[PDB]
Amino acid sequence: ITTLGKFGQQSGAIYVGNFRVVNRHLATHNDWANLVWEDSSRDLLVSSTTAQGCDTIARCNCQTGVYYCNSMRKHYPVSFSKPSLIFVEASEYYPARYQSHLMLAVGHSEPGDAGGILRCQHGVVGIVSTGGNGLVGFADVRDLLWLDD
């Protein structure tokens, strides 16, 4: 799989409390100026917002949910792995390396699909980060208890 990037004017973001959660590879100058936390190994960055967001972070162990696929302009039901340490090929965004806290699924993804939200009954689970060959990989956020406190 490889890191996908984002095509189109859609946010690719979770807005919870006074945080914005994005793929690290899509973080803006404003994100880095308002940095709270980032981890390259997870492809995650969190910045601070003035506006209150409405997202709820799931605190479950669900392995089924629904994600948004930008390339197909559709939501899909999906079955995804536990957060895992997966090998990710080189791209414009990272050299080849192991990416942690990544959940793999059989599901459509193309370049430009990063930032699509994965959600379950409990709330937001994660965001598309990687994919290829009929697989999609989601960066989990559910372990970050300080997002929703």
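Numbers for residues come from their place in the sequence shown, where the first is 1.
Student: Per the record, averaged over C-alpha atoms, which has the higher B-factor: 37-45 or 56-64?
Tutor: Comparing averages over the C-alpha atoms only gives 56-64.
Student: Return whichever of 7-15 and 125-133 has the greater mean Cα B factor according to the PDB record.
Tutor: Taking the mean B-factor of the alpha carbons in each, 7-15 is higher.
Student: Which third of the chain holds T28 when residues are ordered by C-alpha B factor: lowest, middle or highest?
Tutor: As the PDB entry reports it, the C-alpha B-factor of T28 lands in the highest third of its chain.
Student: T50: which third of its chain by C-alpha temperature factor?
Tutor: Tercile = highest for this residue's CA B-factor.
Student: Is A114 in the lowest, middle or highest third of its chain when residues are ranked by C-alpha B-factor?
Tutor: For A114, the deposited C-alpha B-factor lands in the lowest third.
Student: Taking the C-alpha B-factors as the PDB entry records them, is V106 in the lowest, middle or highest third of its chain?
Tutor: Highest third.
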